[PDB]
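Here is the structure we will look at.
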4 protein chains.
Amino acid sequence: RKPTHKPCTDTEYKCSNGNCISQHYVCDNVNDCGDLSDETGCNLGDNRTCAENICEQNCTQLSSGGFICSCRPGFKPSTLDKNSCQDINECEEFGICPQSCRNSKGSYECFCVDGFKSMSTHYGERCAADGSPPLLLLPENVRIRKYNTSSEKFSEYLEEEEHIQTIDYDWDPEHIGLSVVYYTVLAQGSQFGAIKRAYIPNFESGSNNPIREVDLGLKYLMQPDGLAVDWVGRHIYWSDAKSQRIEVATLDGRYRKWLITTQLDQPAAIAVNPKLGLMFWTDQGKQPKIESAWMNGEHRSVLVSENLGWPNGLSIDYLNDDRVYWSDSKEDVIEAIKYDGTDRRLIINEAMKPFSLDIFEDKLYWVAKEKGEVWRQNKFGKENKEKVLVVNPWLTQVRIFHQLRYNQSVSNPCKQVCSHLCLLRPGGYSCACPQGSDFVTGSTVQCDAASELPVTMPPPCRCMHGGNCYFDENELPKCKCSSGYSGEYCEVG
Amino acid sequence: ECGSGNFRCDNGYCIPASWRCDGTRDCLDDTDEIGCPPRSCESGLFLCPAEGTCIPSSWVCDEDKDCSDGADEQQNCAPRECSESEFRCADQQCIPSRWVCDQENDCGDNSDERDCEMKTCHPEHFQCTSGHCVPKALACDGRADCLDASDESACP
Amino acid sequence: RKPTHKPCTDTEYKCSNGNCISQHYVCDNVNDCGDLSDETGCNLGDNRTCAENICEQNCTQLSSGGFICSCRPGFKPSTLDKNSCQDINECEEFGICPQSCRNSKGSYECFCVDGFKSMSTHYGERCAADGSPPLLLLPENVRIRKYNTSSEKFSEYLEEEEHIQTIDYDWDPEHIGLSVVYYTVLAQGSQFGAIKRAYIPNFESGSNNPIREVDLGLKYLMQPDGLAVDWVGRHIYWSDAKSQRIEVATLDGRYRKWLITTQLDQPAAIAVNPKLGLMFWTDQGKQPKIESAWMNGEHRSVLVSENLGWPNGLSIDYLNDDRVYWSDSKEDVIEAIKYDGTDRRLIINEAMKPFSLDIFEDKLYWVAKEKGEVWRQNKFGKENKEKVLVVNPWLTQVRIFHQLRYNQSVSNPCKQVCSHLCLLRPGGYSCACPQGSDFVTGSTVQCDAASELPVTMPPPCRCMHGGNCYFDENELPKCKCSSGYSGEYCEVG
Amino acid sequence: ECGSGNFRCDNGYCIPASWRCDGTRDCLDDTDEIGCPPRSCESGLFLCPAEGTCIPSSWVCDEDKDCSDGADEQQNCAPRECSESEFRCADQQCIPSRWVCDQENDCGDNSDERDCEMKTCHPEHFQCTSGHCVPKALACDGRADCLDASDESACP
Ligand SMILES: *[C@@H]1O[C@H](CO)[C@@H](O[C@@H]2O[C@H](CO)[C@@H](O)[C@H](O[C@@H]3O[C@H](CO)[C@@H](O)[C@H](O)[C@@H]3O)[C@H]2NC(C)=O)[C@H](O)[C@H]1NC(C)=O
Ligand SMILES: *[C@@H]1O[C@H](CO)[C@@H](O[C@@H]2O[C@H](CO)[C@@H](O)[C@H](O[C@@H]3O[C@H](CO)[C@@H](O)[C@H](O)[C@@H]3O)[C@H]2NC(C)=O)[C@H](O)[C@H]1NC(C)=O
Ligand SMILES: *[C@@H]1O[C@H](CO)[C@@H](O[C@@H]2O[C@H](CO)[C@@H](O)[C@H](O)[C@H]2NC(C)=O)[C@H](O)[C@H]1NC(C)=O
Ligand SMILES: *[C@@H]1O[C@H](CO)[C@@H](O[C@@H]2O[C@H](CO)[C@@H](O)[C@H](O)[C@H]2NC(C)=O)[C@H](O)[C@H]1NC(C)=O
Ligand SMILES: *[C@@H]1O[C@H](CO)[C@@H](O)[C@H](O)[C@H]1NC(C)=O
Ligand SMILES: *[C@@H]1O[C@H](CO)[C@@H](O)[C@H](O)[C@H]1NC(C)=O
Ligand SMILES: *[C@H]1O[C@H](CO)[C@H](O)[C@H](O)[C@H]1NC(C)=O
Ligand SMILES: *[C@H]1O[C@H](CO)[C@H](O)[C@H](O)[C@H]1NC(C)=O
Ligand SMILES: [Ca+2]
Ligand SMILES: [Ca+2]
Ligand SMILES: [Ca+2]
Ligand SMILES: [Ca+2]
Ligand SMILES: [Ca+2]
Ligand SMILES: [Ca+2]
Ligand SMILES: [Ca+2]
Ligand SMILES: [Ca+2]
Ligand SMILES: [Ca+2]
Ligand SMILES: [Ca+2]
Ligand SMILES: [Ca+2]
Ligand SMILES: [Ca+2]
């Protein structure tokens, strides 16, 4: 904070950083400015004058050697035709703007994209969520818990379960105001696990809406350490650690196809980016690595494999250049790399062994595994860590439940041509059919495996402002509306 | 060959002409999007290929990085190891391959019974509709050796 | 269930168990009844007749040998003057009556003591709690949770704490309707733990009454694995595992005195029985044992030391002959012994490593440690186990929060004569003074250590049927009464 | 000796006569409750000593167990080991005794600083009002070697 301090007079060269050095020291071939900004240009000669219009900007006549010119603030020496200066593209700096950056001549704007109202805040400006405050999804081995970040209160949700694992959700597929979350069940004793799905209300209701669990039928499954839902392609990607493979199936569990089965030691949590048509996953075996590939499964490549411990949680910052973040529970650090793998930088260290991470707004969320705590920090590595809540050591993940985290206006490129599955890929799509089947000879669309009807989900309980759900003789849900509200679902009153 | 209104990709699969230059790689060889003129902008302005936004003739050839790619200044202005035949259970233990889903938990945690639907039974074993592997002598005998009873169903 | 089945005629001797054996087999010196009940008396002779009135009851004339007499049902051969039978004292049988037993001639009554209404139940009769349904106190390392057994719902209680351990409570000391619980804090890093106490409402209020924690000032304390509160003597007994001692102090933490400091490897949870003036504690070190002593500390003795694994939780059945139960987390069994140490019998096995136990009504409660579950079973070893709830692995104890568990009408024998402490003992009391001090010479009451004033507890929040507590300018609590209720504490409306 | 209204126990501590036969062991030798006639019951009935409940003359001498004690039929009818001088920390580690609460955490977890209020400082060390042990040369010097500043307080 400085209006103006320690001004430099005519005798003192102002430099580019306020280095108040005497004029005789300018262009003496010795750097006093600390960045050679006092040796700028260094085109010298006594018979020359500044009036000739040699330099583009800040042309001053030195006492000796003629004219010596510098750059306007926000500009740098061009290293060619040194009497000229070009604009610094400040948008390339990491963490200079919260959401978006536009370049100007020595200036920039921290605009933020649609769906984000600019909100001046403390120690910098951010952009709000333009909707209901985000929720947190906390899976314990027996139950799933919700947490309103702004209201700061829990709510009864899925209970009476066993061995819960990673969580992912699909925002309101039927637009009836109910999103669906997907949770995996570990295999205990001699019984296989499963991938189950259930509804969750986007509104404030809870503790009175009996959630009914339904299995997808994906039998012969042991340890789904990682799961991700492609909302564009309507496919669910999960990685079985014991089966040493990462595979794909439709949202209702049909047409199971193995996607990647080679060179996988222990596939950890995965992620998908339908906008770029790129899937990401982590391996935490004897050779830790972070790999990305197309949703089809082609062009598999390794992003980072150096200075990696136990990469066990990975998430993508969709709204910031599709940047990729991951959590290392062994090195105790959280790092970020661009989706192509360049510009690696650690974001936060001494993270106390983060297990899972999820990015929302200008802040990063991660779980201290052994401490059972959820921690919050600026997602660009600045500031200091903040604690959120303390929960059981059974906690396995933190996941933000909001719609802006998954851009819902990403159109699916599929033209309905595909018979069974239509996987995504950069700039387009592709056809595929279940495992143990092949295309009809001569065609790359039809496959010989017989089609299967989509699975029907039972009706959900929907009492928004209050009331209790109830099962009638045919078990359709019905709400007993509270005071001051009416309707089939107690909406208006 | 196909109709006049269907554009043909290199592999022989031909697609409707409306899908050409539609922004999506419709066919596998992605030739349906190559050889298409990029979107143009009015005179006095240029559009950055990586951004799709028009910028004026002043912003290009300004000796600095105006477009995101910045090519304008030079493109416009110019655990013991198991054997090969040993089946690996979940607990890293190695077991003989004869235990592969004989409908009885051998590896523990029913690892041997895992997903033997895609894999095929060996010639010495009979494959029934559940995918479980049973000896060929245990088919068409009046007793359901397979728990799905497909052994007694695939009989004359 | 039998009105009468397989009746025995005159020729068939009915026996004491329905052994329909022929009359010629009676008193043939070979047991056909299975208990020699067919050889009863065996006073034989043909010239003798039953009319002589030789036997007291059931005198019958055998076809040969004269008269042969048996015992009335509910009576046994006396083994002396065999023609006579005495009454079986059925009250000595374990688990024959739920709460109390009175003996009669071949009969008994399962009466239950004051404060227990007889309630016929399924598979046997029990006696109710004559009050609000019992609560459960579940200490997690960060928070304490409550659970209404009948309402089956949680309630917000003490939170924002660290390293909680064993729990004990004192029922409504001031009779203002607020009981006080005592919780110990483990020592973390290089900071000592403490013994803190706080209020808890006996009524249904919760989630809106800010509970204020206060430390007792018992500094220099590391690991209080066990704690018990003597409601009669107004003293608190705790056992420090690291300090290898079990000591006593008054309820407000004054006049600390070491009680037992010798031959203690790892003192586990303890218990006190003011009615008998006997303290009980368990050692889970290299030599497991269950020891009892007077509250004074004299007459220390070992109750059981054989077939013991890790005795880590102990509780006393006050209402049933002051019987003692304990939980063994290594042998995986829960056993019961009389307070003098005879009649040892395992109650339930395959208990899945119980950690703490607490007895209430006709049922026994224990915590499956690694499973984090609370389990319920008949306290007399019959029936089959029942599960209650599933909670975090941070669970450390289950404790029933009810007044009938601690008989409040046990008068303190102390005559206020004692200067600092008045410990209890069988049939009376005793005098003592803090550690590092001794009695004034010639007297066994006064001690030289200067007295200290009792500690003042801050006022609590009291809003029964509803409302929110609030702190005024002098921080006195005040409730904002809900609709349809009025009063300073919203009692009547 | 004491007043006529005070009953004397064997140790010399004499107690008021009202406390005699009051049901509580008032004095240590408990002689204030011995030599007192047990509570009696009306004729034709007997009171079990262990129960305090009267039962009739018919119930006694009935050749069975009427009272809880049942005496009526025969009483009425008739990790390396540390040295001796080594201080034990909480972590079983043995340390020299010079570390006992020198106000600096030596054993870890401040085990050496535990409860040195009842124990007395050794002659070579000065004891201040917090109970912490400091060398005798660190008393009355103008600086608070004890954190409670009692070293500079107990001075002439
Ligand atoms: C979620 O993804 C959608 C695309 O599926 C994004 O919508 C696009 O956002 C850009 C931002 O500037 C708009 O220009 C797009 O509008 C259209 O753009 C095309 C050129 O590509 C023009 O020819 C059209 O005339 C029009 O201006 C817009 N496209 C659509 C289909 O809405 C959206 O920004 C993104 N949202 C988030 C929060 O990431
Ligand atoms: C909690 O302890 C109290 C004693 O502190 C128990 O109260 C006593 O219970 C017995 C049960 O039958 C009663 O007789 C007692 O009444 C009195 O008993 C004496 C003889 O000891 C007589 O002389 C008196 O006339 C009177 O009948 C009763 N004593 C008191 C002081 O109430 C109580 O049962 C017990 N409660 C529970 C639930 O354990
Ligand atoms: C999470 O908490 C916020 C408040 O911090 C809730 O937002 C308000 O919800 C009420 C519900 O009736 C609305 O009437 C208000 O208009 C909302 N205020 C704002 C700031 O939008 C939000 O609904 C809560 N969400 C859940 C699911 O609990
Ligand atoms: C525990 O639950 C029981 C109900 O199962 C509660 O008992 C009732 O409480 C209400 C409170 O207004 C009383 O009006 C009823 O008369 C009670 N019924 C019975 C059977 O007594 C009990 O209050 C609950 N206790 C707590 C602390 O939650
Ligand atoms: C020269 O630099 C000054 C700041 O020192 C600035 O105000 C002025 O606009 C500049 N002029 C030119 C021509 O660069
Ligand atoms: C003899 O036994 C019968 C039951 O078999 C019983 O009903 C009867 O009262 C008994 N009589 C005597 C005198 O014991
Ligand atoms: C079917 O395929 C499996 C997996 O490759 C085995 O090779 C098996 O032997 C095959 N069965 C036959 C009959 O060839
Ligand atoms: C005080 O007592 C402790 C503990 O017994 C030590 O013996 C110490 O040496 C004593 N101090 C003195 C001065 O004798
Ligand atoms: Ca210089
Ligand atoms: Ca700029
Ligand atoms: Ca196309
Ligand atoms: Ca340019
Ligand atoms: Ca098998
Ligand atoms: Ca067969
Ligand atoms: Ca016989
Ligand atoms: Ca009887
Ligand atoms: Ca007395
Ligand atoms: Ca008798
Ligand atoms: Ca020390
Ligand atoms: Ca000093």
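Numbering starts fresh at 1 for the residues of each chain in the structure tokens, the chains themselves are lettered A, B, ... in the order given, and ligands are numbered from 1 as they appear.
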Shell of 9 Å around residue A:134, only C-alpha atoms, local chain residues under 6 positions omitted, as an MDAnalysis selection string: chainID A and resid 147:150 360 400:403
Keeping N, CA, C and O atoms, export the residues of the selection given above as a PDB file, in the first residue's frame.
ATOM      1  N   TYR A 147     -23.631 -31.829   4.796  1.00  0.00           N
ATOM      2  CA  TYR A 147     -23.220 -30.667   5.578  1.00  0.00           C
ATOM      3  C   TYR A 147     -23.411 -29.415   4.742  1.00  0.00           C
ATOM      4  O   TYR A 147     -22.739 -29.246   3.720  1.00  0.00           O
ATOM      5  N   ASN A 148     -24.315 -28.542   5.173  1.00  0.00           N
ATOM      6  CA  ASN A 148     -24.498 -27.246   4.537  1.00  0.00           C
ATOM      7  C   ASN A 148     -23.360 -26.330   4.971  1.00  0.00           C
ATOM      8  O   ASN A 148     -23.185 -26.077   6.166  1.00  0.00           O
ATOM      9  N   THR A 149     -22.579 -25.843   4.005  1.00  0.00           N
ATOM     10  CA  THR A 149     -21.412 -25.034   4.343  1.00  0.00           C
ATOM     11  C   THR A 149     -21.812 -23.723   5.007  1.00  0.00           C
ATOM     12  O   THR A 149     -21.134 -23.253   5.928  1.00  0.00           O
ATOM     13  N   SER A 150     -22.908 -23.116   4.557  1.00  0.00           N
ATOM     14  CA  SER A 150     -23.344 -21.842   5.116  1.00  0.00           C
ATOM     15  C   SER A 150     -24.213 -22.014   6.356  1.00  0.00           C
ATOM     16  O   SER A 150     -24.010 -21.311   7.352  1.00  0.00           O
ATOM     17  N   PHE A 360     -13.656 -26.095  -5.197  1.00  0.00           N
ATOM     18  CA  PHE A 360     -14.847 -25.289  -5.416  1.00  0.00           C
ATOM     19  C   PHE A 360     -14.531 -23.845  -5.063  1.00  0.00           C
ATOM     20  O   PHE A 360     -13.850 -23.583  -4.067  1.00  0.00           O
ATOM     21  N   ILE A 400     -17.904 -31.787  -2.982  1.00  0.00           N
ATOM     22  CA  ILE A 400     -18.804 -30.640  -2.975  1.00  0.00           C
ATOM     23  C   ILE A 400     -20.029 -30.963  -3.821  1.00  0.00           C
ATOM     24  O   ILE A 400     -19.910 -31.383  -4.978  1.00  0.00           O
ATOM     25  N   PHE A 401     -21.212 -30.769  -3.245  1.00  0.00           N
ATOM     26  CA  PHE A 401     -22.477 -31.086  -3.905  1.00  0.00           C
ATOM     27  C   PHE A 401     -23.069 -29.782  -4.430  1.00  0.00           C
ATOM     28  O   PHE A 401     -23.815 -29.092  -3.736  1.00  0.00           O
ATOM     29  N   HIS A 402     -22.725 -29.443  -5.670  1.00  0.00           N
ATOM     30  CA  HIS A 402     -23.187 -28.212  -6.294  1.00  0.00           C
ATOM     31  C   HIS A 402     -23.239 -28.418  -7.800  1.00  0.00           C
ATOM     32  O   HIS A 402     -22.595 -29.318  -8.345  1.00  0.00           O
ATOM     33  N   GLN A 403     -24.018 -27.571  -8.476  1.00  0.00           N
ATOM     34  CA  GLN A 403     -24.195 -27.727  -9.914  1.00  0.00           C
ATOM     35  C   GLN A 403     -23.116 -27.018 -10.723  1.00  0.00           C
ATOM     36  O   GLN A 403     -22.782 -27.466 -11.823  1.00  0.00           O
TER      37      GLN A 403
END
Nearby residues, ligand 10, 6 Å, only C-alpha atoms and all ligand atoms, as number ranges by chain: A: 87-90, 103-108
Keeping N, CA, C and O atoms, export the residues of the selection given above as a short mmCIF file (atom, residue, chain, number, x, y, z; two decimals), in the first residue's frame.
data_model
loop_
_atom_site.label_atom_id
_atom_site.label_comp_id
_atom_site.auth_asym_id
_atom_site.auth_seq_id
_atom_site.Cartn_x
_atom_site.Cartn_y
_atom_site.Cartn_z
N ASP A 87 3.83 -5.37 -24.15
CA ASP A 87 2.95 -5.56 -23.01
C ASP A 87 3.17 -6.92 -22.37
O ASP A 87 3.35 -7.93 -23.06
N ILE A 88 3.15 -6.95 -21.04
CA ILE A 88 3.26 -8.20 -20.29
C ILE A 88 1.89 -8.87 -20.29
O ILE A 88 0.89 -8.25 -19.93
N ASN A 89 1.85 -10.13 -20.70
CA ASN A 89 0.61 -10.91 -20.66
C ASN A 89 0.46 -11.46 -19.25
O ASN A 89 0.87 -12.59 -18.95
N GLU A 90 -0.13 -10.66 -18.36
CA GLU A 90 -0.24 -11.02 -16.95
C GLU A 90 -1.13 -12.24 -16.72
O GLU A 90 -1.07 -12.81 -15.62
N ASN A 103 -6.21 -9.72 -21.21
CA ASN A 103 -4.98 -8.95 -21.27
C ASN A 103 -5.20 -7.59 -21.93
O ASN A 103 -6.02 -7.44 -22.84
N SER A 104 -4.46 -6.60 -21.44
CA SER A 104 -4.47 -5.25 -22.00
C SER A 104 -3.06 -4.70 -21.93
O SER A 104 -2.17 -5.30 -21.33
N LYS A 105 -2.86 -3.53 -22.53
CA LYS A 105 -1.54 -2.89 -22.55
C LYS A 105 -1.20 -2.43 -21.14
O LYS A 105 -1.65 -1.37 -20.69
N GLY A 106 -0.39 -3.21 -20.44
CA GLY A 106 -0.05 -2.89 -19.07
C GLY A 106 -1.20 -2.97 -18.10
O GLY A 106 -1.16 -2.32 -17.04
N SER A 107 -2.23 -3.74 -18.42
CA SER A 107 -3.41 -3.83 -17.57
C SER A 107 -4.11 -5.15 -17.85
O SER A 107 -3.83 -5.83 -18.83
N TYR A 108 -5.03 -5.50 -16.95
CA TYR A 108 -5.80 -6.73 -17.08
C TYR A 108 -7.07 -6.60 -16.26
O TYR A 108 -7.21 -5.70 -15.43
#
At most 8 Å from ligand 14 (only C-alpha atoms and all ligand atoms): residue list as a ChimeraX atom specification: /B:137-146,149,151-152
Please produce a file of the residues just selected, as a PDB file, in the first residue's frame, where the atoms kept are N, CA and C atoms.
ATOM      1  N   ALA B 137     -17.951 -84.066 -17.802  1.00  0.00           N
ATOM      2  CA  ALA B 137     -18.697 -85.235 -17.356  1.00  0.00           C
ATOM      3  C   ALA B 137     -19.867 -84.877 -16.450  1.00  0.00           C
ATOM      4  N   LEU B 138     -19.964 -83.622 -16.010  1.00  0.00           N
ATOM      5  CA  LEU B 138     -21.037 -83.166 -15.134  1.00  0.00           C
ATOM      6  C   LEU B 138     -22.131 -82.423 -15.895  1.00  0.00           C
ATOM      7  N   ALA B 139     -22.431 -82.852 -17.119  1.00  0.00           N
ATOM      8  CA  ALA B 139     -23.469 -82.239 -17.933  1.00  0.00           C
ATOM      9  C   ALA B 139     -24.424 -83.311 -18.435  1.00  0.00           C
ATOM     10  N   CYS B 140     -25.720 -82.992 -18.416  1.00  0.00           N
ATOM     11  CA  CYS B 140     -26.778 -83.892 -18.877  1.00  0.00           C
ATOM     12  C   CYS B 140     -26.743 -85.219 -18.115  1.00  0.00           C
ATOM     13  N   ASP B 141     -26.936 -85.120 -16.799  1.00  0.00           N
ATOM     14  CA  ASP B 141     -26.936 -86.286 -15.930  1.00  0.00           C
ATOM     15  C   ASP B 141     -28.120 -86.339 -14.975  1.00  0.00           C
ATOM     16  N   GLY B 142     -29.021 -85.358 -15.017  1.00  0.00           N
ATOM     17  CA  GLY B 142     -30.181 -85.331 -14.153  1.00  0.00           C
ATOM     18  C   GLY B 142     -30.016 -84.522 -12.883  1.00  0.00           C
ATOM     19  N   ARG B 143     -28.798 -84.097 -12.559  1.00  0.00           N
ATOM     20  CA  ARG B 143     -28.540 -83.284 -11.379  1.00  0.00           C
ATOM     21  C   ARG B 143     -27.879 -81.981 -11.802  1.00  0.00           C
ATOM     22  N   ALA B 144     -28.284 -80.885 -11.160  1.00  0.00           N
ATOM     23  CA  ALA B 144     -27.811 -79.549 -11.521  1.00  0.00           C
ATOM     24  C   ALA B 144     -26.457 -79.304 -10.863  1.00  0.00           C
ATOM     25  N   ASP B 145     -25.399 -79.714 -11.567  1.00  0.00           N
ATOM     26  CA  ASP B 145     -24.049 -79.408 -11.108  1.00  0.00           C
ATOM     27  C   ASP B 145     -23.795 -77.906 -11.121  1.00  0.00           C
ATOM     28  N   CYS B 146     -24.232 -77.219 -12.175  1.00  0.00           N
ATOM     29  CA  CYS B 146     -24.285 -75.762 -12.150  1.00  0.00           C
ATOM     30  C   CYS B 146     -25.437 -75.316 -11.258  1.00  0.00           C
ATOM     31  N   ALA B 149     -28.542 -74.516 -13.122  1.00  0.00           N
ATOM     32  CA  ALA B 149     -29.213 -75.656 -13.746  1.00  0.00           C
ATOM     33  C   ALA B 149     -29.157 -75.613 -15.270  1.00  0.00           C
ATOM     34  N   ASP B 151     -26.702 -76.981 -16.983  1.00  0.00           N
ATOM     35  CA  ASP B 151     -26.104 -78.229 -17.444  1.00  0.00           C
ATOM     36  C   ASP B 151     -27.165 -79.229 -17.885  1.00  0.00           C
ATOM     37  N   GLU B 152     -28.281 -79.301 -17.164  1.00  0.00           N
ATOM     38  CA  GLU B 152     -29.376 -80.198 -17.506  1.00  0.00           C
ATOM     39  C   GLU B 152     -30.346 -79.593 -18.511  1.00  0.00           C
TER      40      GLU B 152
END
All residues having an atom within 9 Å of ligand 19 (only C-alpha atoms and all ligand atoms) as a PyMOL selection string: chain D and resi 98-108+110-113
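Residues of stretch 51-123 of chain D that DSSP places in strand (DSSP E), based on the backbone of this structure, are residues 54, 55, 56, 86, 87, 88, 94, 95 and 96 of chain D.
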Neighbourhood of ligand 6 at 6 Å, counting only C-alpha atoms and all ligand atoms, reported as number ranges by chain: C: 57-58, 72
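Residue neighbourhood of residue C:437, excluding near-sequence residues (fewer than 4 positions): residues 255, 256, 257, 258, 420, 432, 433, 441, 446, 447, 448, 449, 450 and 451 of chain C; 117, 118 and 119 of chain D, at 12 Å, using only C-alpha atoms.
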Cut-off 9 Å, only C-alpha atoms and all ligand atoms, neighbours of ligand 11 as a list in words: residues 428 of chain A; 15, 17, 18, 19, 20, 21, 22, 23, 24, 25, 26, 27, 30, 31, 32 and 33 of chain B
Neighbourhood of ligand 9 at 8 Å, counting only C-alpha atoms and all ligand atoms, reported as JSON, numbers by chain: {"A": [21, 24, 25, 26, 27, 28, 29, 30, 31, 32, 33, 36, 38, 39]}
Selection as number ranges by chain: residues within 7 Å of ligand 4 by only C-alpha atoms and all ligand atoms: C: 131-133, 148-151, 202-204
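Ranking A:84, A:207, A:262, A:296 by their shortest atom-to-atom distance to chain C, with only C-alpha atoms included, puts A:207 first.
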Expected answer as a PyMOL selection string: residues within 7 Å of ligand 2, only C-alpha atoms and all ligand atoms: chain C and resi 113-115+319+404+407-411
Selection near stretch 36-47 of chain D, 6 Å with only C-alpha atoms, sequence-local residues under 6 positions removed, as a PyMOL selection string: chain D and resi 53-57
Shell around stretch 480-490 of chain C at 9 Å using only C-alpha atoms, local window under 2 positions removed, as a list in words: residues 461, 462, 463, 464, 465, 466, 467, 468, 469, 470, 478, 492 and 493 of chain C
